[PDB]
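Colleague: From first to last, the protein sequence lines are chains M6 and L3.
For reference, each letter of the first sequence is one residue, going 2 to 197 in the deposited numbering.
For reference, each letter of the second sequence is one residue, going 2 to 126, 136 to 373 in the deposited numbering.
Below is a structure I'd like to ask you about.
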Amino acid sequence: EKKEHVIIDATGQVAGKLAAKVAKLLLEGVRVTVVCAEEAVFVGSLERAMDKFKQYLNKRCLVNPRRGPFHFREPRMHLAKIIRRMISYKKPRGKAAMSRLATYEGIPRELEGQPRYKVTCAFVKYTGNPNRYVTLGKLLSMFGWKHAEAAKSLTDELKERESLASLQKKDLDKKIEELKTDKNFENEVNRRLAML
Amino acid sequence: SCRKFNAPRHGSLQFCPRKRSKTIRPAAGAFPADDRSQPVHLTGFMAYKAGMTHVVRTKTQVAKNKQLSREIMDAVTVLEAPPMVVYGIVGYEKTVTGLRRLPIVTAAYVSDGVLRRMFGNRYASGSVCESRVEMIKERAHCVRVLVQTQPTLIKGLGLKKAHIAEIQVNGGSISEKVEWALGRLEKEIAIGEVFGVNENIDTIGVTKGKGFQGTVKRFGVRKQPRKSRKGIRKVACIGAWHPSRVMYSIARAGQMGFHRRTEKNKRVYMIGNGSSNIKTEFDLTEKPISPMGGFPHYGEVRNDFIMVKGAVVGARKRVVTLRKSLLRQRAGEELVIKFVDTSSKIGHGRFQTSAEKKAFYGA
RNA sequence: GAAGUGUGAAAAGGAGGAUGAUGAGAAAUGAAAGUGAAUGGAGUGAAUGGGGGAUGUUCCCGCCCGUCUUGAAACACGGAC
RNA sequence: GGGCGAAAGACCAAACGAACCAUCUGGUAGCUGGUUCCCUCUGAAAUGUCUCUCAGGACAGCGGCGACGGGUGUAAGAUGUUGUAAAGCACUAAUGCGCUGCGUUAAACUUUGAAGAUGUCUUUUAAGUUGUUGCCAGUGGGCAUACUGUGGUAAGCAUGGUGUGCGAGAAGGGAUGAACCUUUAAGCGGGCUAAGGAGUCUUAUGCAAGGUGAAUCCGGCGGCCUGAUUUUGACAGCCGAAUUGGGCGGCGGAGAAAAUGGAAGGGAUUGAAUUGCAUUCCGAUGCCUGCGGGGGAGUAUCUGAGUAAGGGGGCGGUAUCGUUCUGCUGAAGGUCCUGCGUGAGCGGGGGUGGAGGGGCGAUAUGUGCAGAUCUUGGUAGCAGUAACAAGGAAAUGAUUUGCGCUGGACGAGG
RNA sequence: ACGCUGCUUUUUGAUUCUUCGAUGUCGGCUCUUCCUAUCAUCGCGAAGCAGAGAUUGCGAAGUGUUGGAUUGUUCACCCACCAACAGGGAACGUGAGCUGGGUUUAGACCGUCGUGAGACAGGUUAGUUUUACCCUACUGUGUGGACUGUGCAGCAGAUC
RNA sequence: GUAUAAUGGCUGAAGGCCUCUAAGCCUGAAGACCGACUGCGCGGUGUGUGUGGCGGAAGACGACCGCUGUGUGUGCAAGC
């Protein structure tokens with residue numbers, strides 16, 4: 002019955018601490034889209050993160066690898082798989098919850114002037130290792146991801162044309178302000194107020 | 002358990018699964034790297050396989066190295082290549098998900114062989139052209155043209171239905187690539203304007219079909235000894251108890267041939283026209299490029315042709331795709347050809363030039 | 001050294017089909033296993049069950065019985081219906 | 001129990017190291033398999049003695065059903081018994097030195113000697129509230145664990161002691177498990193806890209200190225214990241202020257090598273896998289509280305798990321004698337729909353069917369099925385599958401032409 | 001050296017928890033995959049490393065590791081070649097895949113033992129290898145155009 | 001083609017000296033990843049298929065590649 006929608010921005014967010022909270026929203030009937038999926042971070046060193054992804058790639062059905070586990074190298078597909086394994090997705094109540102999620106690298110064009118939110122507990126500056134982390138985009142570019150320069154471009158062009166739209170809006174707030182402080186303005190509105 | 006006497010495995014897993022090809026004209030997987038400091042050219046062509054012959058060649062070593070000059074006899078393949086026609090332009094831009102294709106520019110009049118390939122044999126039952143040209147110039151990271159063959163000039167195929175493809179345009183200045191192809195719509199481009207003699211080339215095609223084949227032929231395993239019950243053409247053990255399943259790396263019986271294959275580093279030897287005398291040889295006679303009696307199971311060569319060294323994928327009358335090299339090439343040794351054989355390939359032919367047969371018997 | 005009883009009060013009559021006649025009645029009664037035709041619903045998940053709710057499903061729980069045995073869902077035996 | 005055999009234990013009407021047919025004969029089986037309705041009350045043993053006894057049996061122990069009959073599986077005050085642990089050299093047996101002392105030992109050594117056990121008196125001590133006897137079943141392969149021995153290099157090895165469990169014990173928790181921790185059994189409501197937990201699967205909060213598998217080695221810390229050097233200028237190489245040796249307690253690193261891809265339960269986590277805490281919260285069929293049902297009890301109440309086994313009260317098949325009813329105005333049987341009962345089961349309605357069918361009391365039994373490689377009959381899947389046949393032709397076929405090799409008589413047998 | 005502490009599961013023992021209304025018991029031939037405790041090939045330390053030839057150590061499992069005489073053999077032992085001819089696991093991998101030389105009931109000979117019928121992990125010779133048409137796995141094939149993008153899976157050259 | 005292992009080096013404290021290391025950096029393998037090469041699903045688009053018959057370069061049967069009357073027969077060429 003619910004029809005609420007939320008856009009979540011992942012730029013300085015620990016990837017595990019965000020996934021556990023995004024999955025509890027999906028189970029309670031909320032639609033989520035996560036943008037800028039290549040900017041989530043992993044606490045620690047790049048040598049520790051590459052060793053853990055290398056053991057993941059080793060898992061493979063010897064009899065027939067086409068049946069076997071599938072290793073995704075795109076940041077939007079990889080972070081979607083971390084949210085899926087937070088929950089029981091084989092059962093029908095979990096199939097529905099996964100129908101309410103969307104993920105993107107960068108910011109797509111339709112979501113241009115709508116407000117975004119961050120999760121209050123996943124900021125990397127609350128841990129004891131601020132300034133030692135790896136982004137999800139640098140780790141995955143070392144295993145095959147190609148479109149890392151085309152994602153930084155698309156985000157900055159939208160940021161700049163979302164900043165100009167704020168200058169037009171702010172100046173009208175000053176031109177409307179002077180009109181509210183007028184003479185023929187008030188004596189008009191005091192008449193409409195007069196007829197309740 | 003531990004298996005004394007090791008040997009290599011039989012066959013390659015690079016090409017498993019071994020299915021039929023889904024098409025007779027496979028599309029190229031990659032294109033060379035653009036160097037935008039050259040003039041604009043094309044990177045490929047489509048031709049048709051005719052047959053094989055000889056050539057004798059002088060190995061240039063005539064310096065006083067202990068072998069001045071050797072003779073070398075080499076096998077070659079001939080392909081018949083009529084000129085192609087351009088009828089469209091295509092651009093691709095770059096996104097976060099990769100290459101996105103822009104709307105297409107068609108010329109003014111699309112041929113009747115291009116409409117049978119697109120809509121079947123029973124198909125007969136503006137400024138918007140100018141707006142689409144501006145997009146391929148603002149956007150469009152890379153550019154390609156749409157070309158088609160002219161199979162009705164080789165009347166031993168019996169087609170009327172053309173093969174069409176997209177070929178990348180190399181040479182710099184994306185606005186220069188477009189204006190070079192705008193002055194080429196509806197006209198022809200010949201194979202002598204693409205490849206040149208003594209260059210390395212790639213070929214792409216489909217192999218000769220053989221049907222359902224046993225495992226001695228598909229993979230090359232041993233036969234069993236003569237005393238053996240239940241046949242000798244087979245593999246004896248298909249696995250261990252555990253894992254309790256058959257593996258994808260075991261050899262089985264099935265389809266052999268009619269596969270898609272790409273071959274590389276084939277050297278070009280000659281480029282000519284079939285309706286004239288082949289020369290640049292050091293003997294006197296005239297000799298067109300076609301043997302006494304004709305190429306077996308093929309007619310004569312009457313259009314342009316190209317000659318390359320060695321074997322070439324596929325069967326006679328099937329279409330092949332030619333591509334420029336993707337690697338780094340050094341020079342190529344100097345090529346000196348001095349004889350091309352044109353005896354009969356049916357039986358053991360002993361004459362060149364049927365007038366030479368006529369003067370042996372008298373009458 | 002077996003297996004096999006029954007039209008009806010009356011032959012008043014049937015025995016390829018169809019159309020009919022006689023009779024109180026087409027003719028002892030006629031279960032399950034299994035099948036054909038039409039029509040409603042569901043499915044690409046082995047199926048089936050209990051709680052709680054409902055014109056199929058969505059949440060929770062649930063391994064195949066009988067038996068011998070220190071000990072059985074058992075790669076222990078018997079069991080197609 | 002005979003034959004016959006150039007000998008193989010061969011052959012004697014498809015089974016021969018003793019043929020076939022009927023009877024004795026339902027031959028015997030300490031061994032294997034099977035043994036038919038509901039609810040309810042009690043509830044074991046896997047040990048001792050004797051046994052051609054060891055896969056069995058008898059006797060005794062533990063349990064069920066009774067009947068008859070009046071008056072302590074814990075402590076205290078007093079007073080006896082014991083020779084282990086530990087320790088020791090007084091006896092028996094061992095063991096190094098110094099020329100009286102120092103050094104080392106004991107299941108079959110004891111000068112000493114516990115904790116704990118075990119007798120008797122006094123309810124004229126506390127606290128609490130049984131005797132006699134009848135008829136009989138099952139059981140006599142056990143196993144786990146806390147603590148504690150013996151043999152063994154050791155074992156999820158073999159064999160003893162004391163308690164408690166599984167067996168015969170569900171349910172909540174430990175991801176999963178006969179035996180671990182909580183706790184003892186699914187009626188309808190209202191409250192609270194236990195073990196275990198409170199990022200997410202998955203019901204439910206925070207505060208603080210550190211941090212980012214053996215011998216044998218290495219480092220660190222606003223940690224602690226002990227020593228030394230120094231503003232009369234140390235340590236390091238004139239400079240101007242701390243320097244340093246040994247140890248201890250936490251923490252980290254080497255030592256550290258296996259065979260399908262893989263496991264703090266998973267995704268993950270820099271404290272969401274470490275340590276210390278409680279002022280919050282969640283969580284059973286357990287506890288408290290209101291109703292309902294059973295069984296005891298001396299009638300204000302108390303009490304419900306259960307295999308082998310035993311007792312009480314009910315439901316149903318077919319008949320007899322004893323009584324009391326119904327059917328052609330449509331019985332039984334069969335099929336669909338519906339009411340009552342904790343249940344075994346008992347009623348009613350509409351089609352079909354075309355002749356009989358019941359209630360209640362006592363009585364007689366060939367008296368209730370899912371299983372026995374059960375008996376007889378019928379029927380599925382496998383599966384339109386395996387296997388077999390399709391013999392040379394000419395519109396016609398007493399005509400033309402192509403191929404194969406047994407063909408004709410007497411006897412046995414029909 | 002004299003002493004002391006570990007790891008593996010390839011040896012042979014120790015035990016008797018599973019299977020006696022049956023899980024086909026040795027070796028070879030054929031074929032695939034995994035481990036590293038590395039034999040060769042690639043990179044790099046030490047020396048009682050002048051050079052040459054070797055010896056000892058670390059990173060590293062991608063690719064290779066053969067042909068014959070005698071024996072049923074596993075094993076063993078020699079010849080020839082080689083960059084080198086490492087060691088192991090997968091129901092002591094693999095019999096509805098084969099073969100049947102070892103083992104191998106019923107025929108027979110010899111030696112020793114027994115009065116005898118007979119015995120011997122003592123030697124020798126002759127001695128039946130059954131059935132898939134079911135489910136799954138795996139190989140192809142089918143499941144309705146033309147031109148292409150991009151995710152996933154496979155993967156090749158090595159040595160003289 | 002990119003980034004690395006063992007090892008060898010640059011700058012540099014802790015510890016006024018020293019030091020390839022504690023922050024950083026350079027180099028470097030038959031190895032890793034990527035590319036190229038083969039297969040499959042899913043997308044997009046000025047785009048949706050010859051019923052039947054006859055052939056083949058295709059084929060167990062289905063499918064695939066072609067045409068929509070251009071076969072058969074005969075002659076020449078080229079061979080045994």
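For every residue, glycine included, the Cβ atom is placed at its ideal position computed from N, Cα and C.
Under the three-state reduction of DSSP, which class applies to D10 (chain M6): helix, strand or coil?
Modeller: Looking up residue 10 (chain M6) in the first sequence gives position 9. In the structure shown, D10 (chain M6) sits in a strand (DSSP, three-state: E or B).
Colleague: Just to confirm my understanding: we take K355 (chain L3), look at its own chain, exclude 5 residues before and 5 after, and list those with CB closer than 6 angstroms. What are they?
Modeller: By 1-based counting over the second sequence, the position of residue 355 (chain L3) is 345. Only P301 and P306 meet the Cβ criterion.
Colleague: Using a cut-off of 8 angstroms between C-beta atoms, extract the partners of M257 (chain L3) located in chain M6.
Modeller: Locating residue 257 (chain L3) in the second sequence gives position 247, counting from the first residue. Those are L63, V64 and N65, listed as they occur along chain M6.
Colleague: Are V278 (chain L3) and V318 (chain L3) close, meaning C-beta to C-beta below 9 angstroms?
Modeller: Along the second sequence, read from residue 1 onward, the residue named residue 278 (chain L3) stands at position 268. Along the second sequence, read from residue 1 onward, the residue named residue 318 (chain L3) stands at position 308. Yes, the Cβ-Cβ distance between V278 (chain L3) and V318 (chain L3) is below 9 angstroms.
Colleague: Report the neighbours of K95 (chain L3) on chain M6: residues whose CB is nearer than 8 angstroms to its CB, in chain order.
Modeller: Counting from 1 along the second sequence, the entry for residue 95 (chain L3) is found at position 94. Neighbours of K95 (chain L3) on chain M6, chain order: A151.
Colleague: List the DSSP bridge partners of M317 (chain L3).
Modeller: Here the question's residue 317 (chain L3) lines up with position 307 in the second sequence. Looking at the DSSP assignment, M317 (chain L3) forms a beta bridge with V79 (chain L3) and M280 (chain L3).
Colleague: Taking the Cβ atom as the reference point for each residue, do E144 (chain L3) and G342 (chain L3) lie within a distance shorter than 9 angstroms?
Modeller: Taking the first residue of the second sequence as 1, we reach residue 144 (chain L3) at position 134. Taking the first residue of the second sequence as 1, we reach residue 342 (chain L3) at position 332. Their beta carbons are not under 9 angstroms apart, which means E144 (chain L3) does not touch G342 (chain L3) by this criterion.
Colleague: Just the chain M6 side, please: which residues come within less than 9 angstroms of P253 (chain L3) by C-beta, in chain order?
Modeller: If you number the second sequence from 1, residue 253 (chain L3) lands on position 243. Correct list: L63 and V64.
Colleague: Taking its Cβ as the centre, do 16 or more other Cβ atoms sit within 10 Å of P76 (chain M6), making it buried, or is it exposed?
Modeller: Here residue 76 (chain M6) is taken as the residue at index 75 of the first sequence, counted from 1. Buried: at least 16 other Cβ atoms inside 10 Å.
Colleague: Output, in sequence order along the chain, the residues in the segment 90-118 of chain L3 whose CB is closer than 9 angstroms to any CB in chain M6.
Modeller: Cβ contacts with chain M6 come from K95, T96, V97, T98 and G99.
Colleague: For a contact defined as C-beta to C-beta under 9 angstroms, what are the partners of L155 (chain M6) on chain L3?
Modeller: Numbered from 1 along the first sequence, position 154 holds the residue referred to as residue 155 (chain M6). Ordered by position in chain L3, the residues that pass the 9 angstroms Cβ test against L155 (chain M6) are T96 and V97.
Colleague: If you drop the 5 nearest sequence neighbours on each side, which residues of the same chain put their C-beta closer than 8 angstroms to that of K147 (chain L3)?
Modeller: The residue labelled residue 147 (chain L3) in the question sits at position 137 within the second sequence. Excluding residues within five positions, the ones whose Cβ falls inside 8 angstroms are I184, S185 and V188.
Colleague: Does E106 (chain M6) get closer than 9 angstroms to chain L3 when you measure Cβ to Cβ?
Modeller: Counting from one through the first sequence, the residue named residue 106 (chain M6) turns up at place 105. Yes, its Cβ sits closer than 9 angstroms to a Cβ of chain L3.
Colleague: With respect to the beta strand (DSSP E) encompassing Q362 (chain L3), which residues constitute its N-terminal and C-terminal limits?
Modeller: As a position in the second sequence, residue 362 (chain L3) is number 352, starting the count at 1. Looking at the DSSP string, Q362 (chain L3) is not in any beta strand (DSSP E), and its letter there is neither H nor E.
Colleague: Does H79 (chain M6) come within less than 9 angstroms of chain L3 when only Cβ atoms are used?
Modeller: Position 78 of the first sequence holds residue 79 (chain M6). It does not; no Cβ of chain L3 falls within 9 angstroms.
Colleague: Which bits of chain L3 does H148 (chain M6) rub up against, with CB to CB less than 9 angstroms?
Modeller: Here residue 148 (chain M6) is taken as the residue at index 147 of the first sequence, counted from 1. Within chain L3, the residues near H148 (chain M6) are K95, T96, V97, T98 and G99.
Colleague: Pull up the distance between the alpha-carbon of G114 (chain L3) and that of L80 (chain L3), whole angstroms please.
Modeller: Indexing the second sequence from 1 puts residue 114 (chain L3) at position 113. Indexing the second sequence from 1 puts residue 80 (chain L3) at position 79. So the alpha carbons of these two residues sit roughly 22 angstroms apart.
Colleague: What are the boundary residues of the alpha helix (DSSP H) that includes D212 (chain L3)?
Modeller: Position 202 of the second sequence holds residue 212 (chain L3). Counting along the chain, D212 (chain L3) falls outside any alpha helix (DSSP H), though it belongs to the beta strand (DSSP E) covering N210 to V216.
Colleague: For the alpha helix (DSSP H) holding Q158 (chain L3), just list the boundary residues, first then last.
Modeller: Taking the first residue of the second sequence as position 1, residue 158 (chain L3) is located at position 148. Looking at the DSSP string, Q158 (chain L3) is not in any alpha helix (DSSP H); the run it does join, the beta strand (DSSP E), is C152 to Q158.
Colleague: Could you name the residues of the same chain whose beta carbon sits closer than 7 angstroms to that of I177 (chain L3), not counting the 5 residues immediately before and after it, in chain order?
Modeller: Counting from 1 along the second sequence, the entry for residue 177 (chain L3) is found at position 167. These residues qualify, in order along the chain: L43, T44, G45, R154, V155 and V157.
Colleague: Measure the alpha-carbon distance for residue 1 (chain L3) versus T24 (chain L3) and round it to whole angstroms.
Modeller: Because chain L3 here runs from 2 to 373, residue 1 (chain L3) falls outside it and cannot be looked at.
Colleague: Residues bridged to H79 (chain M6) by DSSP?
Modeller: As a position in the first sequence, residue 79 (chain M6) is number 78, starting the count at 1. Paired residues: none, contrary to the question.
Colleague: Figure out for me which residue from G121 (chain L3), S141 (chain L3) and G136 (chain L3) has the closest Cα to the Cα of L169 (chain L3).
Modeller: Position 159 of the second sequence holds residue 169 (chain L3). Nearest of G121 (chain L3), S141 (chain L3) and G136 (chain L3) to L169 (chain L3), Cα basis: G121 (chain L3).
Colleague: How big is the Cα-Cα spacing for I88 (chain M6) and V33 (chain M6)?
Modeller: Within the first sequence, residue 88 (chain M6) is the residue found at index 87, counting from 1. Within the first sequence, residue 33 (chain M6) is the residue found at index 32, counting from 1. Going from the Cα of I88 (chain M6) to the Cα of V33 (chain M6) covers about 16 angstroms.
Colleague: With three or more C-beta pairs closer than 8 angstroms as the rule, is the segment 315-330 of chain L3 touching the segment 73-88 of chain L3?
Modeller: The segment 73-88 of chain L3 is in contact with the segment 315-330 of chain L3.
Colleague: Whose C-beta lies closer than 6 angstroms to the C-beta of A149 (chain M6) among residues of the same chain, with five residues either side of it excluded?
Modeller: Residue mapping note: residue 149 (chain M6) aligns to position 148 of the first sequence, counting from 1. Here the set comprises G138 and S142.
Colleague: List the residues that DSSP assigns as beta-bridge partners of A48 (chain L3).
Modeller: Walking along the second sequence from the start, residue 48 (chain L3) turns up at place 47. In the DSSP output, where bridge partners are listed per residue, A48 (chain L3) has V330 (chain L3).
Colleague: Would you mind listing the beta strand (DSSP E) stretches within the segment 116-147 of chain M6 that are 3+ residues and don't spill past its ends, in chain order?
Modeller: The segment 116-147 of chain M6 contains these whole beta strand (DSSP E) runs: 134-136.
Colleague: Taking the alpha carbon of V63 (chain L3) as the reference point, which residue from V329 (chain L3), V346 (chain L3) and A51 (chain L3) has its own alpha carbon closest?
Modeller: Locating residue 63 (chain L3) in the second sequence gives position 62, where the first residue counts as 1. The candidate whose alpha carbon is nearest that of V63 (chain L3) is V346 (chain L3).
Colleague: Taking the C-alpha atoms as reference points, what is the distance between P253 (chain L3) and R85 (chain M6)?
Modeller: Within the second sequence, numbered from 1, the residue matching residue 253 (chain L3) stands at position 243. Within the first sequence, numbered from 1, the residue matching residue 85 (chain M6) stands at position 84. Rounded to the nearest angstrom, the two C-alpha atoms are 30 angstroms apart.
Colleague: Could you spell out where the beta strand (DSSP E) holding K348 (chain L3) opens and where it closes?
Modeller: Start at 1 with the first residue of the second sequence, and residue 348 (chain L3) comes out as number 338. Residues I347 to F349.
Colleague: So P27 (chain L3) and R232 (chain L3) are in contact, right, with Cβ under 8 angstroms, and what is the actual spacing, rounded?
Modeller: Taking the second sequence and counting its residues from 1, the one referred to as residue 27 (chain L3) is at position 26. Taking the second sequence and counting its residues from 1, the one referred to as residue 232 (chain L3) is at position 222. Incorrect: roughly 34 angstroms between the Cβ atoms, too far for contact.
Colleague: What residue range is occupied by the uninterrupted alpha helix (DSSP H) comprising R101 (chain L3)?
Modeller: Numbered from 1 along the second sequence, position 100 holds the residue referred to as residue 101 (chain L3). Careful: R101 (chain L3) lies outside any alpha helix (DSSP H), inside the beta strand (DSSP E) at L100 to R102.
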